[PDB]
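Enquirer: Dumping the structure here so I can ask a few things about it.
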Amino acid sequence: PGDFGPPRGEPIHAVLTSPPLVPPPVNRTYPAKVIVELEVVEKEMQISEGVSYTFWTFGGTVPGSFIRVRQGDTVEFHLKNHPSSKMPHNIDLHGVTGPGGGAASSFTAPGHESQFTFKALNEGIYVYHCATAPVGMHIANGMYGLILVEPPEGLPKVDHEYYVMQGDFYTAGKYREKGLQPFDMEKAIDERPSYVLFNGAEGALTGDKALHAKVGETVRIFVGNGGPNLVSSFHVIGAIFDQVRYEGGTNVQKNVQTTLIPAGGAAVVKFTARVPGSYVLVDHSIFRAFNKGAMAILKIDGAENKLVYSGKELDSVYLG
Amino acid sequence: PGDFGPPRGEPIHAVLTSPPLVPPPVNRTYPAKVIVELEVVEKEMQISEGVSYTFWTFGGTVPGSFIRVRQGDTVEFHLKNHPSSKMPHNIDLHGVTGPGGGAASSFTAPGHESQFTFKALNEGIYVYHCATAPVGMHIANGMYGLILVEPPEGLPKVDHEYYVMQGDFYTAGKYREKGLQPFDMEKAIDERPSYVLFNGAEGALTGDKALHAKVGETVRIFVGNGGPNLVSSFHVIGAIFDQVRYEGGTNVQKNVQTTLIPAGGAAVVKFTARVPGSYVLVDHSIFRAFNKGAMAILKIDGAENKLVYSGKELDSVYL
Amino acid sequence: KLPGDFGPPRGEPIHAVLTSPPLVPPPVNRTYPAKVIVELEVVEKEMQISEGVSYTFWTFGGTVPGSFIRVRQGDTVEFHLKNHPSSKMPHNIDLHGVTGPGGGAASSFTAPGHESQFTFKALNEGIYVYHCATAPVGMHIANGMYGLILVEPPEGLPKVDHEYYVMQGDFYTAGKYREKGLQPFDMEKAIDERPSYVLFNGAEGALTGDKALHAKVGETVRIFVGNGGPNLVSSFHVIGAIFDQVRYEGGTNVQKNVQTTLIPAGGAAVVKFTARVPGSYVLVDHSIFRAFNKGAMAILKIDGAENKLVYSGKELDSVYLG
Ligand SMILES: [Cl-]
Ligand SMILES: [Cl-]
Ligand SMILES: [Cl-]
Ligand SMILES: [Cu+2]
Ligand SMILES: [Cu+2]
Ligand SMILES: [Cu+2]
Ligand SMILES: [Cu+2]
Ligand SMILES: [Cu+2]
Ligand SMILES: [Cu+2]
């Protein structure tokens, strides 16, 4: 049932990545013991121009650090909780088979470190999130991320892998009201978010921080939805997904414009860059994208291909 | 098109189950005439601790009684509306090919019994519900369940089969406001539910009424979504779905954490219990789970496997 | 490698005929890549949104949804977006079947009484939402600027008896549901995802009565089902029917024997079933308060011979004591 036998070879100290980057393929034919260390940090960050928010984070980012292992691996998990934390925290990983996806075994007070071990029985792309009461609030404050469990043979190779995770956020104030915005439990219970974001901030993946590919390169995006409440009608403006791992499972659908990413769910999308310019990741529940912050940019650099996409060729008078 | 031809043998009086249980496989190589009998009852039940609600029910339960037939069966359906009912009721089954999926053939005023016959043309797991004006209010009051139409060859054998149905509920009062709550039509039209529940109540499937299985046993859950309005980001805390019959169709996705169940839709999930402990079915639109009542428990008992899940191994001081 | 590149267009160019909903252009039945010239006119106009309710719709081709476009994978599409001089706003087009910036929006900014031309190769078979991408994008979409383009596989779709074109939208009026008169767009309601109306083809009863869909007993029906949004996800069902096949999320592969399929905002699905029993079938958003309280219903009327072995109708009303 994911049974490749006991852990072999050297223990692996997992190299985690900050979004939107992804650890390299594990490139391994044997099951291993993987030691994952993950620090919970509560900190003010900018959520919009002139707007700050007290985020609760795995690894100092929203989403949290990307974790990458192989189906059959024994994961020795270390959840550190910085002594500056006001709150105890834990971790539920959707990749974990057992009570709380690890939550029951990872209650960690400030200035403490919980250890627990699990076998990663199933390949997939799995949300992890805090599961400390009140669970909705810990998720709302950005306590979510992704763990890739590679199939035994590994994923087909591509030029670029990217880590993107949508979240709905609940501020006392309305969209782009300046200053430190506290969390609003009432707006959260009502599923009425003030912001809908990729990677924890308006402009998180714009300008200098855009994703980059070149014409001719194949792109895989691991697309998490931490919620807490919204389901993403995930689309990239100007691309078609050649393949979607719908709901993050093993099987693919082909030639998909827009895929639904459940709350506490994920998907994998793959396409090839063919024409230069700006591509926009959106929640195509499209007021989220253009009125609440739910857009990220993939920039394609390289040669125009006018036989695939001409640009504007002609403007003319029209009388009708 | 489900053309196994004319029904053979004696008519079978279908045995329906109360949630969270399922009738056994039909275990059958021929198509039959199946008589289904289902009684509508309006009754006050506990929606939450010290909170009552006037549920409209098929067979005295939310969700209603589970119906199990084979693709190719002719179903002779008898819908009874108890004398005690204030309303007439009817049934739309999603497994029916015809107007209203039965709605038009089954208008049943209090103290009456409608007979209609249909052939189950398509295998699947199909939501049934009342389609009485106002349809929204009838569904919101608990008038939904599942009818399983098996494939000719039956479903792969498993150790446990379970019956869980999500619904959104609209009370005049707020979450956990005590007493008898009326239905609220404003909140329903605005899709702003006060409660989001599995099997018609907070704690319907908690404590002693929890789902049960042992380490090593395969579990199949038929997961309905009655709505009326919400889509379930359906997840089991602590498990992975080895197979999802996504939107209740015949083909499967493998290895999914969370599957979307349409309003008026269904899914089948399947996983093997491997570690003992409490597993929580949730709507992972997670304020529904932790703030509106959308959680049910599956308790697994059996030997620890510390190679798969150690529990907490150490607590250390960290700076 | 990229399938759906068959080299430059061959033979004489094709001047595409676009159809108004709920009809579809016929299958392309062609074995070579073509230069397909598509001409689409944007018109702003008042139409009935419900009984005695006006709305200022923004339209591709005078309808909501916009005219249906049918091309072949590998085709070279020379697009002409013509914005009528009566228009108050400039408009553009994002087709989800286009590979490149804005799916064409960056190549089609068209002021009133102007015509924009841009060219693209249709690299990907499928069923693609197109919509206006002029700011505010949600407002242009909400005013009805969305349609569907079918990019056929080279070998084309399996033949059916009837292909229909249906597209859900959520609408935002200042006034409440069925408050009479010319209803302005309500941005506040749009941002909060609280529509006054949820409709198939741009009006309550656009597909009821005389404008109902039609098919006969024994006929195969494919419906191209768009969701323009702007915000809602359709729990798409036909009352009385089962989807034999769903192209779920509009993709190449099928799910079989599906009651209700989720259609994303800015997404589409294809559903196929065979009519077997006469009567009225209802397309709905099974987020069921939309169907029965906000107008999200369309009718397929099936004419033909009663089949009593499949659906008997009501056989008996007996008295029942408990
Ligand atoms: Cl777009
Ligand atoms: Cl969870
Ligand atoms: Cl229905
Ligand atoms: Cu926490
Ligand atoms: Cu979770
Ligand atoms: Cu009823
Ligand atoms: Cu229904
Ligand atoms: Cu426009
Ligand atoms: Cu779009």
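Identifiers for the structure tokens are assigned positionally: chains receive A, B, ... in sequence, residues are indexed from 1 per chain, and ligands are indexed from 1 in the order shown.
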What residues have any atom no more than 10 Å from ligand 4 when counting only C-alpha atoms and all ligand atoms, and can you list them as a PyMOL selection string?

Expert: chain A and resi 40-42+56-58+81+85+87-91+107-108+129-144

Enquirer: For the selection you just gave me, I'd like the residues written to a file as a short mmCIF file (atom, residue, chain, number, x, y, z; two decimals), in the first residue's frame, keeping N, CA and C atoms.

Expert:
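Result file follows (again_19.cif):
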```cif
data_model
loop_
_atom_site.label_atom_id
_atom_site.label_comp_id
_atom_site.auth_asym_id
_atom_site.auth_seq_id
_atom_site.Cartn_x
_atom_site.Cartn_y
_atom_site.Cartn_z
N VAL A 40 7.68 27.50 13.09
CA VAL A 40 6.47 28.38 13.10
C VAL A 40 6.92 29.76 13.59
N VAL A 41 6.65 30.81 12.81
CA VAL A 41 6.97 32.23 13.13
C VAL A 41 5.71 33.08 12.94
N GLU A 42 5.30 33.81 13.97
CA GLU A 42 4.20 34.80 13.88
C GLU A 42 4.85 36.16 13.62
N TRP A 56 0.61 34.17 10.64
CA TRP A 56 1.18 32.97 11.33
C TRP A 56 1.69 32.04 10.23
N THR A 57 2.96 31.68 10.26
CA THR A 57 3.64 31.13 9.07
C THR A 57 4.42 29.88 9.45
N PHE A 58 4.46 28.90 8.55
CA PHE A 58 5.44 27.80 8.54
C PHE A 58 6.65 28.23 7.71
N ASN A 81 8.52 25.90 17.26
CA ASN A 81 7.61 27.06 17.48
C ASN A 81 8.42 28.15 18.20
N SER A 85 6.30 33.43 19.64
CA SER A 85 4.88 33.06 19.34
C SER A 85 3.99 33.32 20.56
N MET A 87 0.93 31.98 20.53
CA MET A 87 -0.01 30.83 20.39
C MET A 87 0.78 29.53 20.23
N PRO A 88 0.28 28.41 20.81
CA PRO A 88 0.70 27.07 20.40
C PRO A 88 0.17 26.77 19.00
N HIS A 89 0.86 25.89 18.29
CA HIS A 89 0.62 25.53 16.87
C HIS A 89 0.90 24.04 16.71
N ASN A 90 0.37 23.46 15.64
CA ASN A 90 0.61 22.04 15.29
C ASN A 90 0.58 21.97 13.77
N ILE A 91 0.61 20.76 13.22
CA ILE A 91 0.60 20.57 11.75
C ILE A 91 -0.24 19.34 11.44
N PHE A 107 1.24 19.16 18.80
CA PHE A 107 0.92 20.30 19.69
C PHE A 107 2.24 20.83 20.26
N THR A 108 2.56 22.07 19.93
CA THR A 108 3.87 22.70 20.20
C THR A 108 3.61 24.09 20.78
N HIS A 129 -1.53 22.27 7.03
CA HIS A 129 -2.05 23.48 7.70
C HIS A 129 -2.02 23.23 9.20
N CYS A 130 -1.91 24.30 9.98
CA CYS A 130 -2.10 24.21 11.44
C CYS A 130 -3.51 23.68 11.70
N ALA A 131 -3.70 22.96 12.80
CA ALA A 131 -5.00 22.44 13.25
C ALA A 131 -5.16 22.71 14.75
N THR A 132 -4.70 23.88 15.20
CA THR A 132 -4.87 24.39 16.59
C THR A 132 -6.17 25.21 16.69
N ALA A 133 -7.01 24.96 17.70
CA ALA A 133 -8.28 25.71 17.93
C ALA A 133 -7.93 27.18 18.17
N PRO A 134 -8.65 28.16 17.57
CA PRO A 134 -9.68 27.92 16.57
C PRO A 134 -9.08 27.68 15.17
N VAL A 135 -9.33 26.50 14.60
CA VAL A 135 -8.64 25.99 13.38
C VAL A 135 -8.81 26.99 12.22
N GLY A 136 -10.03 27.48 12.00
CA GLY A 136 -10.35 28.45 10.94
C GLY A 136 -9.43 29.66 10.99
N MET A 137 -9.16 30.17 12.19
CA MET A 137 -8.34 31.39 12.41
C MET A 137 -6.86 31.12 12.09
N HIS A 138 -6.35 29.95 12.47
CA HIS A 138 -4.91 29.60 12.27
C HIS A 138 -4.67 29.48 10.76
N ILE A 139 -5.57 28.81 10.05
CA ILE A 139 -5.55 28.74 8.56
C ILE A 139 -5.68 30.17 7.99
N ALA A 140 -6.62 30.98 8.47
CA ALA A 140 -6.89 32.34 7.94
C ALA A 140 -5.64 33.22 8.05
N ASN A 141 -4.81 32.99 9.06
CA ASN A 141 -3.59 33.80 9.36
C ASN A 141 -2.39 33.27 8.56
N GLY A 142 -2.58 32.26 7.71
CA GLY A 142 -1.64 31.85 6.66
C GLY A 142 -0.90 30.56 6.98
N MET A 143 -1.41 29.75 7.91
CA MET A 143 -0.70 28.52 8.38
C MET A 143 -1.08 27.35 7.47
N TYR A 144 -0.53 27.35 6.25
CA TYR A 144 -0.76 26.33 5.20
C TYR A 144 0.39 26.36 4.21
#
```

Enquirer: Write out as a PyMOL selection string which residues come within 9 Å of residue A:173 when counting only C-alpha atoms, dropping same-chain ones fewer than 4 positions away.

Expert: chain A and resi 177-178+181-182+184+194

Enquirer: Would you output that residue set with N, CA, C and O atoms, as a compact mmCIF listing (two decimals), in the first residue's frame?

Expert:
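File written: out-v5.txt
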```txt
# COMPACT_ATOMS: atom_id res chain seq x y z
N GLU A 177 -7.84 49.34 2.97
CA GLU A 177 -7.87 50.22 4.17
C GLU A 177 -6.51 50.10 4.88
O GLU A 177 -6.15 48.97 5.23
N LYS A 178 -5.79 51.21 5.02
CA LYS A 178 -4.37 51.24 5.44
C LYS A 178 -4.20 50.79 6.90
O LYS A 178 -5.19 50.79 7.64
N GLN A 181 -4.11 45.51 9.92
CA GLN A 181 -5.50 45.00 9.87
C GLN A 181 -5.58 43.75 10.72
O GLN A 181 -4.90 42.75 10.47
N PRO A 182 -6.42 43.76 11.77
CA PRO A 182 -6.60 42.57 12.58
C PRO A 182 -7.46 41.57 11.80
O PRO A 182 -8.08 41.93 10.81
N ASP A 184 -10.72 39.19 11.31
CA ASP A 184 -12.18 39.35 11.53
C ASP A 184 -12.89 37.99 11.45
O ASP A 184 -13.31 37.58 10.34
N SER A 194 -12.02 39.91 2.71
CA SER A 194 -11.63 41.26 2.25
C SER A 194 -10.61 41.13 1.11
O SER A 194 -10.71 41.92 0.17
```

Enquirer: Can you pull out every residue with an atom within 9 Å of ligand 6? Use only C-alpha atoms and all ligand atoms and format it as a PyMOL selection string.

Expert: chain B and resi 40+56-58+87-91+129-135+137-139+141-143

Enquirer: Take the residues from that selection and write them out as a PDB file, in the first residue's frame, keeping N, CA and C atoms.

Expert:
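Result file is selection_11.pdb:
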```pdb
ATOM      1  N   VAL B  40     -42.895   9.624   3.889  1.00  0.00           N
ATOM      2  CA  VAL B  40     -42.560  11.010   4.332  1.00  0.00           C
ATOM      3  C   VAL B  40     -43.180  11.248   5.715  1.00  0.00           C
ATOM      4  N   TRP B  56     -38.390  17.839   7.468  1.00  0.00           N
ATOM      5  CA  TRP B  56     -39.217  17.079   6.496  1.00  0.00           C
ATOM      6  C   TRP B  56     -38.319  15.947   5.991  1.00  0.00           C
ATOM      7  N   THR B  57     -38.758  14.698   6.131  1.00  0.00           N
ATOM      8  CA  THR B  57     -37.880  13.508   5.999  1.00  0.00           C
ATOM      9  C   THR B  57     -38.520  12.432   5.127  1.00  0.00           C
ATOM     10  N   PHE B  58     -37.674  11.711   4.395  1.00  0.00           N
ATOM     11  CA  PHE B  58     -37.977  10.411   3.749  1.00  0.00           C
ATOM     12  C   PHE B  58     -37.543   9.275   4.684  1.00  0.00           C
ATOM     13  N   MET B  87     -47.864  19.223   4.728  1.00  0.00           N
ATOM     14  CA  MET B  87     -47.557  19.503   3.299  1.00  0.00           C
ATOM     15  C   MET B  87     -47.783  18.254   2.458  1.00  0.00           C
ATOM     16  N   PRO B  88     -48.081  18.438   1.160  1.00  0.00           N
ATOM     17  CA  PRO B  88     -47.886  17.383   0.176  1.00  0.00           C
ATOM     18  C   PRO B  88     -46.383  17.295  -0.132  1.00  0.00           C
ATOM     19  N   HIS B  89     -45.928  16.172  -0.674  1.00  0.00           N
ATOM     20  CA  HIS B  89     -44.500  15.938  -1.024  1.00  0.00           C
ATOM     21  C   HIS B  89     -44.438  15.061  -2.275  1.00  0.00           C
ATOM     22  N   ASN B  90     -43.309  15.071  -2.960  1.00  0.00           N
ATOM     23  CA  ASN B  90     -43.073  14.194  -4.137  1.00  0.00           C
ATOM     24  C   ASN B  90     -41.587  13.840  -4.133  1.00  0.00           C
ATOM     25  N   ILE B  91     -41.134  13.040  -5.086  1.00  0.00           N
ATOM     26  CA  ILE B  91     -39.716  12.593  -5.114  1.00  0.00           C
ATOM     27  C   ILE B  91     -39.186  12.730  -6.541  1.00  0.00           C
ATOM     28  N   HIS B 129     -34.522  13.648  -3.840  1.00  0.00           N
ATOM     29  CA  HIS B 129     -35.011  14.767  -2.999  1.00  0.00           C
ATOM     30  C   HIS B 129     -36.472  15.069  -3.344  1.00  0.00           C
ATOM     31  N   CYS B 130     -37.167  15.790  -2.469  1.00  0.00           N
ATOM     32  CA  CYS B 130     -38.489  16.382  -2.772  1.00  0.00           C
ATOM     33  C   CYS B 130     -38.314  17.452  -3.867  1.00  0.00           C
ATOM     34  N   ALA B 131     -39.276  17.542  -4.793  1.00  0.00           N
ATOM     35  CA  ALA B 131     -39.380  18.615  -5.813  1.00  0.00           C
ATOM     36  C   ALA B 131     -40.757  19.279  -5.711  1.00  0.00           C
ATOM     37  N   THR B 132     -41.218  19.560  -4.491  1.00  0.00           N
ATOM     38  CA  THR B 132     -42.503  20.261  -4.235  1.00  0.00           C
ATOM     39  C   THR B 132     -42.200  21.754  -4.083  1.00  0.00           C
ATOM     40  N   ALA B 133     -42.898  22.614  -4.827  1.00  0.00           N
ATOM     41  CA  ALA B 133     -42.824  24.086  -4.683  1.00  0.00           C
ATOM     42  C   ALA B 133     -43.064  24.430  -3.219  1.00  0.00           C
ATOM     43  N   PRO B 134     -42.225  25.272  -2.557  1.00  0.00           N
ATOM     44  CA  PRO B 134     -40.925  25.715  -3.066  1.00  0.00           C
ATOM     45  C   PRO B 134     -39.845  24.638  -2.883  1.00  0.00           C
ATOM     46  N   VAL B 135     -39.236  24.183  -3.980  1.00  0.00           N
ATOM     47  CA  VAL B 135     -38.248  23.058  -3.976  1.00  0.00           C
ATOM     48  C   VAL B 135     -37.108  23.377  -3.002  1.00  0.00           C
ATOM     49  N   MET B 137     -37.088  25.112  -0.232  1.00  0.00           N
ATOM     50  CA  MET B 137     -37.506  24.980   1.186  1.00  0.00           C
ATOM     51  C   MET B 137     -37.598  23.487   1.545  1.00  0.00           C
ATOM     52  N   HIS B 138     -38.179  22.671   0.659  1.00  0.00           N
ATOM     53  CA  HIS B 138     -38.333  21.215   0.884  1.00  0.00           C
ATOM     54  C   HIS B 138     -36.954  20.582   1.097  1.00  0.00           C
ATOM     55  N   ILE B 139     -35.986  20.888   0.225  1.00  0.00           N
ATOM     56  CA  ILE B 139     -34.618  20.290   0.272  1.00  0.00           C
ATOM     57  C   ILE B 139     -33.959  20.750   1.569  1.00  0.00           C
ATOM     58  N   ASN B 141     -35.235  21.494   4.326  1.00  0.00           N
ATOM     59  CA  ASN B 141     -35.901  20.907   5.524  1.00  0.00           C
ATOM     60  C   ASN B 141     -35.511  19.427   5.697  1.00  0.00           C
ATOM     61  N   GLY B 142     -34.739  18.861   4.768  1.00  0.00           N
ATOM     62  CA  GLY B 142     -34.040  17.570   4.940  1.00  0.00           C
ATOM     63  C   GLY B 142     -34.476  16.521   3.932  1.00  0.00           C
ATOM     64  N   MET B 143     -35.302  16.906   2.952  1.00  0.00           N
ATOM     65  CA  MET B 143     -35.913  15.946   1.993  1.00  0.00           C
ATOM     66  C   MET B 143     -34.898  15.611   0.892  1.00  0.00           C
TER      67      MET B 143
END
```

Enquirer: Residues of chain C no more than 8 Å from chain B, counting only C-alpha atoms: send them over as JSON, numbers by chain.

Expert: {"C": [194, 235, 239, 240, 241, 242, 244, 255, 256, 257, 258, 259, 260, 261, 262, 276, 277, 278, 279, 280, 281, 286, 287, 288, 289, 290, 292, 293, 308, 309, 310, 311, 312, 313, 314, 315, 316, 317, 318, 319, 320, 321, 322]}

Enquirer: Can you check which residues of stretch 39-241 of chain B DSSP gives as strand (DSSP E or B) on the backbone and send them as a CSV table (one decimal) with C-alpha atoms, in the first residue's frame?

Expert:
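Contents of the output file part_15.csv:
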```
chain,number,residue,atom,x,y,z
B,39,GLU,CA,-42.8,7.2,3.9
B,40,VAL,CA,-42.6,11.0,4.3
B,41,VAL,CA,-42.7,12.2,8.0
B,42,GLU,CA,-42.5,15.8,9.3
B,43,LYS,CA,-41.0,15.7,12.9
B,44,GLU,CA,-39.2,18.0,15.3
B,45,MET,CA,-35.6,16.6,16.0
B,46,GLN,CA,-32.5,18.1,17.6
B,47,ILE,CA,-30.4,20.0,15.0
B,48,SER,CA,-27.9,20.9,17.8
B,51,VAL,CA,-31.9,23.4,19.4
B,52,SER,CA,-34.9,21.8,17.7
B,53,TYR,CA,-36.0,22.1,14.0
B,54,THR,CA,-39.0,20.8,12.0
B,55,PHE,CA,-37.3,18.4,9.6
B,56,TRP,CA,-39.2,17.1,6.5
B,57,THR,CA,-37.9,13.5,6.0
B,58,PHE,CA,-38.0,10.4,3.7
B,61,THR,CA,-34.1,10.3,8.9
B,66,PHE,CA,-30.8,4.4,1.3
B,67,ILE,CA,-32.1,2.6,-1.8
B,68,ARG,CA,-30.0,-0.1,-3.5
B,69,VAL,CA,-30.8,-1.6,-7.0
B,70,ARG,CA,-29.0,-3.0,-10.1
B,74,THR,CA,-37.6,-2.1,-13.0
B,75,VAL,CA,-38.3,-0.1,-9.8
B,76,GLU,CA,-42.0,0.1,-8.7
B,77,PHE,CA,-41.9,3.1,-6.3
B,78,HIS,CA,-44.5,3.7,-3.5
B,79,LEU,CA,-44.2,7.2,-1.9
B,80,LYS,CA,-46.3,7.5,1.3
B,81,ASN,CA,-47.1,10.8,3.0
B,89,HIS,CA,-44.5,15.9,-1.0
B,92,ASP,CA,-37.2,13.5,-7.8
B,93,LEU,CA,-34.5,10.7,-8.0
B,108,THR,CA,-48.5,12.9,-2.6
B,112,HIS,CA,-51.9,9.3,0.3
B,113,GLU,CA,-49.6,6.9,-1.6
B,114,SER,CA,-48.4,7.5,-5.2
B,115,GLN,CA,-47.2,4.5,-7.2
B,116,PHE,CA,-44.9,5.1,-10.3
B,117,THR,CA,-42.6,2.7,-12.2
B,118,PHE,CA,-39.2,3.5,-13.8
B,119,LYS,CA,-36.2,1.5,-15.2
B,124,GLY,CA,-24.3,5.4,-10.4
B,125,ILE,CA,-24.9,7.0,-6.9
B,126,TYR,CA,-27.8,9.4,-7.3
B,127,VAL,CA,-29.2,12.1,-5.0
B,128,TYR,CA,-33.0,11.9,-4.6
B,129,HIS,CA,-35.0,14.8,-3.0
B,144,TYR,CA,-32.9,14.2,0.3
B,145,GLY,CA,-31.1,10.8,0.2
B,146,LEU,CA,-29.1,8.5,-2.0
B,147,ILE,CA,-30.2,5.6,-4.3
B,148,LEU,CA,-27.3,3.4,-5.4
B,149,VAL,CA,-27.7,1.8,-8.9
B,150,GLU,CA,-25.1,-1.0,-9.0
B,160,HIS,CA,-17.5,-1.4,5.5
B,161,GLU,CA,-19.9,0.7,3.3
B,162,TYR,CA,-21.2,4.0,4.9
B,163,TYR,CA,-23.9,6.6,4.0
B,164,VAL,CA,-23.1,10.3,4.8
B,165,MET,CA,-24.9,13.3,3.3
B,166,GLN,CA,-23.9,16.9,3.7
B,167,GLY,CA,-26.6,19.6,3.9
B,168,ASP,CA,-26.8,23.4,4.5
B,169,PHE,CA,-29.6,24.5,6.9
B,171,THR,CA,-32.6,28.8,10.9
B,179,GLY,CA,-35.3,26.5,21.2
B,180,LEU,CA,-37.4,25.5,18.1
B,181,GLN,CA,-35.9,27.4,15.0
B,183,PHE,CA,-36.6,27.7,8.5
B,195,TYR,CA,-25.6,25.2,10.1
B,196,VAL,CA,-23.7,22.9,7.7
B,197,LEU,CA,-24.2,19.3,8.8
B,198,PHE,CA,-23.6,15.6,8.0
B,211,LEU,CA,-18.6,5.3,12.0
B,212,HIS,CA,-16.5,2.3,13.0
B,213,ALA,CA,-13.8,0.2,11.2
B,214,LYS,CA,-10.6,-1.9,12.2
B,218,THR,CA,-11.3,-1.3,3.3
B,219,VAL,CA,-14.0,1.5,3.9
B,220,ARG,CA,-16.3,2.8,1.1
B,221,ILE,CA,-18.4,5.9,1.9
B,222,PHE,CA,-21.2,7.1,-0.4
B,223,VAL,CA,-21.0,10.9,0.2
B,224,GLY,CA,-24.1,12.8,-0.9
B,225,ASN,CA,-24.5,16.6,-1.0
B,232,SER,CA,-18.5,20.4,-0.2
B,233,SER,CA,-14.7,20.5,-0.2
B,234,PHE,CA,-15.0,16.9,1.2
B,235,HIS,CA,-12.0,15.7,3.3
B,236,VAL,CA,-11.3,13.0,5.9
B,237,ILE,CA,-8.8,14.5,8.5
B,241,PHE,CA,-8.9,8.7,-0.8
```

Enquirer: Quick check: residues of chain A within 6 Å of chain C, only C-alpha atoms, returned as a ChimeraX atom specification.

Expert: /A:233,237-239,253-256,258,275,277-278,284-287,308-320

Enquirer: For chain A, which residues have at least one atom within 7 Å of chain B, if we go by only C-alpha atoms? Write them as a ChimeraX atom specification, please.

Expert: /A:80,82-83,94,96-101,105-106,111-119,122-124,126,135-136,189,227-230,247-251,262-265

Enquirer: Keeping C-alpha atoms for every residue in the selection just given, could you write it to a file as a compact mmCIF listing (two decimals), in the first residue's frame?

Expert:
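Contents of the output file selection.txt:
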```txt
# COMPACT_ATOMS: atom_id res chain seq x y z
CA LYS A 80 9.77 24.15 16.07
CA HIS A 82 9.77 30.27 17.94
CA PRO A 83 9.55 31.53 21.58
CA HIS A 94 -2.96 15.74 4.07
CA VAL A 96 -0.17 11.79 6.67
CA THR A 97 -2.17 8.57 7.29
CA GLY A 98 -3.16 8.84 11.01
CA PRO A 99 -5.07 11.01 13.55
CA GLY A 100 -5.09 14.76 12.67
CA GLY A 101 -2.66 14.18 9.75
CA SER A 105 1.27 14.37 17.66
CA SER A 106 2.55 17.99 17.04
CA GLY A 111 9.83 27.86 22.60
CA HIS A 112 9.07 24.11 22.05
CA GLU A 113 9.81 21.48 19.32
CA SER A 114 7.47 18.45 18.66
CA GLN A 115 8.89 15.33 16.91
CA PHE A 116 6.64 12.71 15.23
CA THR A 117 7.27 10.17 12.41
CA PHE A 118 5.00 8.94 9.58
CA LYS A 119 5.39 6.78 6.44
CA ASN A 122 0.40 7.82 -1.04
CA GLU A 123 1.91 9.80 -3.95
CA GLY A 124 0.28 13.22 -4.44
CA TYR A 126 -0.87 17.57 -0.23
CA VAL A 135 -8.64 25.99 13.38
CA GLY A 136 -10.35 28.45 10.94
CA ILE A 189 -17.52 32.63 9.51
CA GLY A 227 -8.74 28.48 1.86
CA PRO A 228 -9.86 28.62 4.53
CA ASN A 229 -13.28 28.82 2.70
CA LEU A 230 -13.09 29.75 -1.05
CA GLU A 247 -7.92 17.59 -7.41
CA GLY A 248 -4.17 16.75 -7.33
CA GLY A 249 -4.71 13.01 -8.02
CA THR A 250 -2.58 10.72 -10.25
CA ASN A 251 -4.87 10.77 -13.37
CA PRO A 262 -11.14 22.75 -3.43
CA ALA A 263 -10.46 24.48 -0.08
CA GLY A 264 -7.74 22.33 1.60
CA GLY A 265 -7.18 20.81 -1.87
```

Enquirer: Could you state the separation of atom CA of residue A:161 and atom CA of residue A:3 in Å, given to one decimal place?

Expert: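 Separation of atom CA of residue A:161 and atom CA of residue A:3: 27.5 Å.
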
Enquirer: Hey, what's within 9 Å of residue C:299 if we count only C-alpha atoms and toss same-chain stuff fewer than 4 positions away? As a PyMOL selection string, please?

Expert: chain C and resi 205+207-209+211-214+238+280-283

Enquirer: Using only C-alpha atoms and all ligand atoms, find each residue of chain C with at least one atom at most 7 Å away from an atom of ligand 8; report its shortest atom-to-atom pair and that distance in Å (one decimal), sort the rows by chain and rising residue number, and return the result as a tab-separated table.

Expert:
```
residue	atom	partner	partner_atom_place_in_ligand_line	distance
C:58	CA	ligand 8	1 (Cu)	6.7
C:89	CA	ligand 8	1 (Cu)	6.8
C:90	CA	ligand 8	1 (Cu)	6.4
C:91	CA	ligand 8	1 (Cu)	3.8
C:92	CA	ligand 8	1 (Cu)	6.0
C:132	CA	ligand 8	1 (Cu)	4.6
C:133	CA	ligand 8	1 (Cu)	6.5
C:134	CA	ligand 8	1 (Cu)	5.2
C:140	CA	ligand 8	1 (Cu)	4.6
C:145	CA	ligand 8	1 (Cu)	6.1
```

Enquirer: What would the file look like if the residues just selected were written as a PDB file, in the first residue's frame with C-alpha atoms?

Expert:
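Wrote selection_16.pdb, looks like this:
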```pdb
ATOM      1  CA  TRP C  58     -22.818  44.513 -23.500  1.00  0.00           C
ATOM      2  CA  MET C  89     -17.015  51.791 -23.861  1.00  0.00           C
ATOM      3  CA  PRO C  90     -14.021  50.381 -25.741  1.00  0.00           C
ATOM      4  CA  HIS C  91     -13.960  46.509 -25.667  1.00  0.00           C
ATOM      5  CA  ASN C  92     -11.480  43.679 -26.396  1.00  0.00           C
ATOM      6  CA  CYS C 132     -14.140  40.974 -22.702  1.00  0.00           C
ATOM      7  CA  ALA C 133     -10.969  41.830 -20.711  1.00  0.00           C
ATOM      8  CA  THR C 134     -11.493  45.664 -20.626  1.00  0.00           C
ATOM      9  CA  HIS C 140     -17.717  43.892 -18.705  1.00  0.00           C
ATOM     10  CA  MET C 145     -19.554  39.959 -22.652  1.00  0.00           C
TER      11      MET C 145
END
```
